[PDB]
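Engineer: What follows is my_file_4.pdb, PDB, C-alpha atoms and all ligand atoms.
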```pdb
MODEL        1
ATOM      1  CA  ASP A 316       0.000   0.000   0.000
ATOM      2  CA  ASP A 317       3.071   2.206   0.271
ATOM      3  CA  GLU A 318       3.001   3.042  -3.425
ATOM      4  CA  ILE A 319      -0.444   2.143  -4.835
ATOM      5  CA  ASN A 320      -3.351   3.109  -2.599
ATOM      6  CA  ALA A 321      -6.673   4.953  -2.726
ATOM      7  CA  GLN A 322      -4.986   8.313  -2.380
ATOM      8  CA  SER A 323      -1.910   7.792  -4.588
ATOM      9  CA  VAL A 324      -3.954   6.661  -7.603
ATOM     10  CA  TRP A 325      -5.204  10.283  -7.765
ATOM     11  CA  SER A 326      -1.659  11.657  -7.643
ATOM     12  CA  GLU A 327      -0.124  13.162 -10.747
ATOM     13  CA  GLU A 328       2.961  10.982 -10.176
ATOM     14  CA  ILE A 329       1.054   7.679 -10.380
ATOM     15  CA  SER A 330      -1.548   8.806 -12.920
ATOM     16  CA  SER A 331       1.105  10.100 -15.341
ATOM     17  CA  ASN A 332       1.631   6.370 -16.093
ATOM     18  CA  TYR A 333      -1.986   5.642 -17.107
ATOM     19  CA  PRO A 334      -2.752   4.989 -20.781
ATOM     20  CA  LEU A 335      -5.444   7.103 -22.416
ATOM     21  CA  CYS A 336      -8.312   4.709 -21.689
ATOM     22  CA  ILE A 337      -7.553   4.743 -17.929
ATOM     23  CA  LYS A 338      -7.055   8.512 -17.963
ATOM     24  CA  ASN A 339     -10.467   8.871 -19.619
ATOM     25  CA  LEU A 340     -12.132   6.589 -17.074
ATOM     26  CA  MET A 341     -10.507   8.453 -14.169
ATOM     27  CA  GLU A 342     -11.642  11.776 -15.639
ATOM     28  CA  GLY A 343     -15.216  10.561 -16.081
ATOM     29  CA  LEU A 344     -15.151   9.292 -12.477
ATOM     30  CA  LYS A 345     -13.718  12.607 -11.212
ATOM     31  CA  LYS A 346     -16.311  14.702 -13.058
ATOM     32  CA  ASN A 347     -19.427  12.555 -12.697
ATOM     33  CA  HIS A 348     -18.754  10.848  -9.355
ATOM     34  CA  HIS A 349     -19.954   7.613 -10.993
ATOM     35  CA  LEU A 350     -19.131   5.201 -13.789
ATOM     36  CA  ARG A 351     -21.567   2.936 -15.631
ATOM     37  CA  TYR A 352     -21.037  -0.839 -15.549
ATOM     38  CA  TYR A 353     -18.473  -1.434 -18.320
ATOM     39  CA  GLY A 354     -16.317   1.466 -17.154
ATOM     40  CA  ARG A 355     -16.574   0.358 -13.508
ATOM     41  CA  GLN A 356     -15.242  -3.025 -14.563
ATOM     42  CA  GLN A 357     -12.508  -1.748 -16.892
ATOM     43  CA  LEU A 358     -11.174   0.710 -14.304
ATOM     44  CA  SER A 359     -11.654  -1.382 -11.163
ATOM     45  CA  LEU A 360      -9.919  -4.399 -12.699
ATOM     46  CA  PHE A 361      -7.056  -2.239 -14.043
ATOM     47  CA  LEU A 362      -6.548  -0.779 -10.563
ATOM     48  CA  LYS A 363      -6.655  -4.250  -9.011
ATOM     49  CA  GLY A 364      -3.988  -5.245 -11.541
ATOM     50  CA  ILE A 365      -1.633  -2.417 -10.544
ATOM     51  CA  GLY A 366      -1.902  -3.534  -6.893
ATOM     52  CA  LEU A 367      -4.792  -1.572  -5.354
ATOM     53  CA  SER A 368      -5.780  -3.742  -2.391
ATOM     54  CA  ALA A 369      -9.344  -4.709  -1.548
ATOM     55  CA  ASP A 370      -9.515  -2.254   1.379
ATOM     56  CA  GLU A 371      -7.966   0.561  -0.655
ATOM     57  CA  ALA A 372     -10.296  -0.171  -3.586
ATOM     58  CA  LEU A 373     -13.327   0.160  -1.351
ATOM     59  CA  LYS A 374     -11.953   3.482  -0.045
ATOM     60  CA  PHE A 375     -11.334   4.662  -3.591
ATOM     61  CA  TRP A 376     -14.704   3.734  -5.027
ATOM     62  CA  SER A 377     -16.805   4.801  -2.029
ATOM     63  CA  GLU A 378     -15.028   8.184  -1.833
ATOM     64  CA  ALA A 379     -15.277   8.773  -5.592
ATOM     65  CA  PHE A 380     -19.006   7.887  -5.818
ATOM     66  CA  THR A 381     -20.038   9.923  -2.759
ATOM     67  CA  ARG A 382     -17.875  12.940  -3.579
ATOM     68  CA  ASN A 383     -19.477  16.389  -3.681
ATOM     69  CA  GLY A 384     -22.711  14.945  -2.281
ATOM     70  CA  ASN A 385     -23.339  12.823  -5.361
ATOM     71  CA  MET A 386     -24.867   9.969  -3.353
ATOM     72  CA  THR A 387     -24.978   9.076   0.330
ATOM     73  CA  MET A 388     -22.691   6.422   1.763
ATOM     74  CA  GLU A 389     -25.834   4.450   2.555
ATOM     75  CA  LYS A 390     -26.759   4.415  -1.152
ATOM     76  CA  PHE A 391     -23.211   3.407  -2.102
ATOM     77  CA  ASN A 392     -23.360   0.584   0.422
ATOM     78  CA  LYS A 393     -26.784  -0.597  -0.802
ATOM     79  CA  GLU A 394     -26.178  -0.281  -4.568
ATOM     80  CA  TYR A 395     -22.435  -0.535  -5.352
ATOM     81  CA  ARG A 396     -20.361  -1.944  -2.457
ATOM     82  CA  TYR A 397     -21.276  -5.558  -3.271
ATOM     83  CA  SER A 398     -20.273  -5.101  -6.915
ATOM     84  CA  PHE A 399     -16.801  -3.828  -6.011
ATOM     85  CA  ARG A 400     -16.351  -6.509  -3.340
ATOM     86  CA  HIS A 401     -17.381  -9.118  -5.939
ATOM     87  CA  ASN A 402     -14.666  -7.916  -8.333
ATOM     88  CA  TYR A 403     -12.167  -8.658  -5.530
ATOM     89  CA  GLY A 404     -13.671 -12.047  -4.583
ATOM     90  CA  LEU A 405     -14.597 -10.779  -1.091
ATOM     91  CA  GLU A 406     -17.976 -12.528  -0.965
ATOM     92  CA  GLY A 407     -16.335 -15.846  -1.832
ATOM     93  CA  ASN A 408     -16.895 -16.054  -5.581
ATOM     94  CA  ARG A 409     -14.250 -17.849  -7.602
ATOM     95  CA  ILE A 410     -14.820 -16.164 -10.959
ATOM     96  CA  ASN A 411     -11.516 -15.257 -12.571
ATOM     97  CA  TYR A 412     -11.598 -11.403 -12.847
ATOM     98  CA  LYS A 413      -8.352 -10.524 -14.455
ATOM     99  CA  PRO A 414      -7.591  -7.023 -15.754
ATOM    100  CA  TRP A 415      -8.805  -6.522 -19.320
ATOM    101  CA  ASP A 416      -6.213  -6.473 -22.105
ATOM    102  CA  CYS A 417      -6.580  -4.174 -25.123
ATOM    103  CA  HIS A 418      -8.229  -6.815 -27.295
ATOM    104  CA  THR A 419     -10.781  -7.479 -24.558
ATOM    105  CA  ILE A 420     -11.424  -3.762 -24.119
ATOM    106  CA  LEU A 421     -11.817  -3.225 -27.873
ATOM    107  CA  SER A 422     -14.193  -6.198 -28.071
ATOM    108  CA  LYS A 423     -16.591  -4.820 -25.412
ATOM    109  CA  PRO A 424     -19.627  -2.913 -26.758
ATOM    110  CA  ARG A 425     -18.581   0.458 -28.105
ATOM    111  CA  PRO A 426     -19.191   3.348 -25.699
ATOM    112  CA  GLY A 427     -22.318   5.381 -26.177
ATOM    113  CA  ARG A 428     -23.415   8.597 -24.575
ATOM    114  CA  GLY A 429     -22.398   8.610 -20.923
ATOM    115  CA  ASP A 430     -19.853   5.763 -21.261
ATOM    116  CA  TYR A 431     -16.120   6.099 -20.562
ATOM    117  CA  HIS A 432     -15.029   2.487 -21.237
ATOM    118  CA  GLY A 433     -13.298   1.501 -24.456
ATOM    119  CA  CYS A 434     -10.184   2.787 -26.225
ATOM    120  CA  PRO A 435      -9.950   6.547 -26.942
ATOM    121  CA  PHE A 436      -7.762   5.977 -30.015
ATOM    122  CA  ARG A 437     -10.856   4.382 -31.588
ATOM    123  CA  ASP A 438     -13.668   6.092 -29.729
ATOM    124  CA  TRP A 439     -12.620   9.759 -29.767
ATOM    125  CA  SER A 440     -12.805  12.130 -32.676
ATOM    126  CA  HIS A 441      -9.503  13.237 -34.190
ATOM    127  CA  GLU A 442     -10.092  16.740 -32.830
ATOM    128  CA  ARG A 443     -10.598  15.427 -29.287
ATOM    129  CA  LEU A 444      -7.530  13.192 -29.613
ATOM    130  CA  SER A 445      -5.448  16.041 -31.049
ATOM    131  CA  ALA A 446      -6.389  18.333 -28.167
ATOM    132  CA  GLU A 447      -5.548  15.629 -25.661
ATOM    133  CA  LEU A 448      -2.238  14.857 -27.352
ATOM    134  CA  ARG A 449      -1.355  18.554 -27.432
ATOM    135  CA  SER A 450      -1.946  18.685 -23.675
ATOM    136  CA  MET A 451       0.567  15.820 -23.421
ATOM    137  CA  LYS A 452       3.089  18.079 -25.243
ATOM    138  CA  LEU A 453       3.111  16.225 -28.566
ATOM    139  CA  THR A 454       3.812  18.314 -31.678
ATOM    140  CA  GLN A 455       1.842  18.401 -34.931
ATOM    141  CA  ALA A 456       4.047  15.841 -36.727
ATOM    142  CA  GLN A 457       3.705  13.465 -33.769
ATOM    143  CA  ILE A 458      -0.079  13.905 -33.669
ATOM    144  CA  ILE A 459      -0.391  13.296 -37.413
ATOM    145  CA  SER A 460       1.475  10.008 -37.043
ATOM    146  CA  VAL A 461      -0.682   8.871 -34.115
ATOM    147  CA  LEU A 462      -3.846   9.799 -36.042
ATOM    148  CA  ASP A 463      -2.555   7.881 -39.058
ATOM    149  CA  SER A 464      -2.467   4.724 -36.910
ATOM    150  CA  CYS A 465      -5.966   5.502 -35.630
ATOM    151  CA  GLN A 466      -7.356   5.924 -39.143
ATOM    152  CA  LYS A 467      -5.817   2.548 -40.078
ATOM    153  CA  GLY A 468      -7.541   0.849 -37.135
ATOM    154  CA  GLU A 469      -4.195   0.226 -35.442
ATOM    155  CA  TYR A 470      -5.242   1.436 -32.021
ATOM    156  CA  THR A 471      -2.595  -0.391 -30.011
ATOM    157  CA  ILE A 472       0.098   0.967 -32.350
ATOM    158  CA  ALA A 473      -1.295   4.475 -31.810
ATOM    159  CA  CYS A 474      -1.074   3.879 -28.043
ATOM    160  CA  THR A 475       2.479   2.538 -28.375
ATOM    161  CA  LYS A 476       3.447   5.681 -30.326
ATOM    162  CA  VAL A 477       2.015   7.837 -27.559
ATOM    163  CA  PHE A 478       4.016   5.881 -24.970
ATOM    164  CA  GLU A 479       7.259   6.347 -26.935
ATOM    165  CA  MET A 480       6.656  10.015 -27.680
ATOM    166  CA  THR A 481       5.800  10.884 -24.064
ATOM    167  CA  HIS A 482       8.808   9.043 -22.653
ATOM    168  CA  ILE A 497       0.350  -8.678 -25.644
ATOM    169  CA  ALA A 498      -1.181  -5.198 -25.754
ATOM    170  CA  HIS A 499      -2.427  -4.405 -22.259
ATOM    171  CA  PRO A 500      -3.228  -1.231 -20.272
ATOM    172  CA  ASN A 501      -1.478  -2.722 -17.252
ATOM    173  CA  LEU A 502       1.675  -3.267 -19.333
ATOM    174  CA  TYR A 503       1.574   0.405 -20.356
ATOM    175  CA  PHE A 504       1.329   1.358 -16.703
ATOM    176  CA  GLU A 505       4.100  -0.995 -15.548
ATOM    177  CA  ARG A 506       6.473   0.063 -18.332
ATOM    178  CA  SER A 507       5.818   3.742 -17.609
ATOM    179  CA  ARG A 508       6.139   3.375 -13.823
ATOM    180  CA  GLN A 509       9.422   1.484 -14.191
ATOM    181  CA  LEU A 510      10.784   4.517 -16.113
ATOM    182  CA  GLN A 511      10.168   6.652 -12.997
ATOM    183  CA  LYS A 512      12.360   4.315 -10.870
TER     184      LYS A 512
HETATM  185  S1  LIG A 601      -4.580   0.748 -26.897
HETATM  186 FE1  LIG A 601      -5.119  -0.435 -25.017
HETATM  187  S2  LIG A 601      -4.045   0.642 -23.291
HETATM  188 FE2  LIG A 601      -3.974   2.027 -25.078
HETATM  189  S3  LIG A 601      -5.751   3.391 -24.741
HETATM  190 FE3  LIG A 601      -6.471   1.667 -26.125
HETATM  191  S4  LIG A 601      -7.288   0.063 -24.704
HETATM  192 FE4  LIG A 601      -6.085   1.542 -23.408
ENDMDL
END
```
Please go through the file and, once you have read it, give me the structure as structure tokens.
Structural biologist:
Amino acid sequence: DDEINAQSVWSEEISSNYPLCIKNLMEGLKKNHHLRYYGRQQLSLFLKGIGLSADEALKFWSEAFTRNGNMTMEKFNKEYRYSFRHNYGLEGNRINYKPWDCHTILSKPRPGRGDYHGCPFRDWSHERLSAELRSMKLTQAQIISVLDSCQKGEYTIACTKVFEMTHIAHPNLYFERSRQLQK
């Protein structure tokens, strides 16, 4: 818990290592104080995969869902706590909930209005992606190359380009490779 915990996953230091899909999910969670089902699973299983413990996960999700008065803790406990405990096996289930790889993420239903799951290299417009990539300090030539991969359907190559330019396809591998470059 020294490094990955409910508080540190909101730090710029740790979150600088998140790939775009995780950044998007964290932003939707921060703004809306909620995530719909597919995004709850994609993010909660990614965070489990980077080492967020069961106790710290329940801190993280209960604090994020009840933030700014969005819902009471009683409502969180009645309507969401079981779901997060289930993802960690804490009610005894033996379903294998491993973090989703990129192919799994891409194969989930595409996000509609109000959804933050998926892969931004596919799901975002080029203008949204360009603005996001500019905020990550990429230049026009870099953005054009990333968008070229996106237009070709090569989303994991686009993501790999972003990793290289800012420093099996899997968000947790992106995180681990990026975090190792801070150590
Ligand atoms: S390529 Fe994979 S890790 Fe990168 S943003 Fe898309 S789903 Fe996430």
Engineer: May I have the residues within 8 Å of ligand LIG 601 (chain A), computed using all atoms listed in the file, as a ChimeraX atom specification?
Structural biologist: /A:334-337,416-418,420-421,433-437,470-475,498-503
Engineer: Next, dump the selected residues to file, keeping only C-alpha atoms, as a compact mmCIF listing (two decimals), in the frame of the given file.
Structural biologist:
```
# COMPACT_ATOMS: atom_id res chain seq x y z
CA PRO A 334 -2.75 4.99 -20.78
CA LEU A 335 -5.44 7.10 -22.42
CA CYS A 336 -8.31 4.71 -21.69
CA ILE A 337 -7.55 4.74 -17.93
CA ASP A 416 -6.21 -6.47 -22.10
CA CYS A 417 -6.58 -4.17 -25.12
CA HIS A 418 -8.23 -6.82 -27.30
CA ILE A 420 -11.42 -3.76 -24.12
CA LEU A 421 -11.82 -3.22 -27.87
CA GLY A 433 -13.30 1.50 -24.46
CA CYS A 434 -10.18 2.79 -26.22
CA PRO A 435 -9.95 6.55 -26.94
CA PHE A 436 -7.76 5.98 -30.02
CA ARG A 437 -10.86 4.38 -31.59
CA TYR A 470 -5.24 1.44 -32.02
CA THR A 471 -2.60 -0.39 -30.01
CA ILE A 472 0.10 0.97 -32.35
CA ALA A 473 -1.30 4.47 -31.81
CA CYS A 474 -1.07 3.88 -28.04
CA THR A 475 2.48 2.54 -28.38
CA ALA A 498 -1.18 -5.20 -25.75
CA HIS A 499 -2.43 -4.40 -22.26
CA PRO A 500 -3.23 -1.23 -20.27
CA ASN A 501 -1.48 -2.72 -17.25
CA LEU A 502 1.68 -3.27 -19.33
CA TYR A 503 1.57 0.40 -20.36
```
Engineer: Measuring between all atoms listed in the file, which one of A:380, A:375, A:395, A:361 shows the shortest distance to residue 333 in chain A?
Structural biologist: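 Once distances to residue 333 in chain A are computed over all atoms listed in the file, the minimum belongs to A:361.
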Engineer: Quick one: which residues end up in the PyMOL selection byres (((chain A and resi 381-384) around 12) and not hetatm) for this structure, as a PyMOL selection string?
Structural biologist: chain A and resi 344-349+373-380+385-392+395-396
Engineer: Would you mind telling me which residue in A:331, A:326, A:359, A:464 lies nearest to residue 510 in chain A when using all atoms listed in the file?
Structural biologist: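 Residue with the minimum atom-to-atom distance to residue 510 in chain A: A:331.
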Engineer: One decimal, Å: what's the distance from CA of residue 360 in chain A over to CA of residue 476 in chain A, could you say?
Structural biologist: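 Computed distance, CA of residue 360 in chain A to CA of residue 476 in chain A, equals 24.3 Å.
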Engineer: Check which residues satisfy the PyMOL selection byres (((chain A and resi 402) around 10) and not hetatm) in the file shown, then give them as a list in words.
Structural biologist: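 Against this file, the PyMOL selection byres (((chain A and resi 402) around 10) and not hetatm) returns the residues residues 355, 356, 359, 360, 363, 369, 397, 398, 399, 400, 401, 403, 404, 405, 406, 408, 409, 410, 411, 412 and 413 of chain A.
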Engineer: In terms of the shortest atom-to-atom distance over all atoms listed in the file, which of A:362, A:465, A:444, A:321 is closest to residue 340 in chain A?
Structural biologist: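 Result for the nearest residue to residue 340 in chain A: A:362.
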Engineer: Pick the closest to residue 424 in chain A from A:322, A:438, A:449, A:339: which is it, counting only C-alpha atoms?
Structural biologist: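 For residue 424 in chain A, the nearest of the given residues is A:438.
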Engineer: Between A:478, A:332, A:453, A:442, which one has atoms that come closest to residue 511 in chain A, using all atoms listed in the file?
Structural biologist: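 Checking each candidate against residue 511 in chain A, we get A:332 as the closest.
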Engineer: How many Å lie between CA of residue 505 in chain A and CA of residue 357 in chain A, rounded to one decimal?
Structural biologist: 16.7 Å
Engineer: Give me the residues within 9 Å of residue 430 in chain A as a PyMOL selection string, counting all atoms listed in the file and dropping any in the same chain fewer than 5 places off.
Structural biologist: chain A and resi 340+343+350-354+425
Engineer: If you measure from CA of residue 466 in chain A to CA of residue 426 in chain A, what distance in Å do you get, rounded to one decimal?
Structural biologist: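 Computed distance, CA of residue 466 in chain A to CA of residue 426 in chain A, equals 18.1 Å.
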Engineer: Identify which of the residues A:443, A:393, A:468, A:512 lies closest to residue 329 in chain A, counting all atoms listed in the file when measuring atom-to-atom distances.
Structural biologist: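 Of A:443, A:393, A:468, A:512, the one nearest residue 329 in chain A, counting all atoms listed in the file, is A:512.
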Engineer: List, as a PyMOL selection string, every residue that the PyMOL selection byres (((chain A and resi 319) around 8) and not hetatm) selects in the file provided.
Structural biologist: chain A and resi 316-318+320-321+323-324+329+365-367
Engineer: For C-alpha atoms, I'd like the residues from the last selection saved as a JSON list (two decimals), in the coordinates of the input.
Structural biologist:
```
[["chain", "number", "residue", "atom", "x", "y", "z"],
["A", 316, "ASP", "CA", 0.00, 0.00, 0.00],
["A", 317, "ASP", "CA", 3.07, 2.21, 0.27],
["A", 318, "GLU", "CA", 3.00, 3.04, -3.42],
["A", 320, "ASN", "CA", -3.35, 3.11, -2.60],
["A", 321, "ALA", "CA", -6.67, 4.95, -2.73],
["A", 323, "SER", "CA", -1.91, 7.79, -4.59],
["A", 324, "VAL", "CA", -3.95, 6.66, -7.60],
["A", 329, "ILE", "CA", 1.05, 7.68, -10.38],
["A", 365, "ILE", "CA", -1.63, -2.42, -10.54],
["A", 366, "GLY", "CA", -1.90, -3.53, -6.89],
["A", 367, "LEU", "CA", -4.79, -1.57, -5.35]]
```
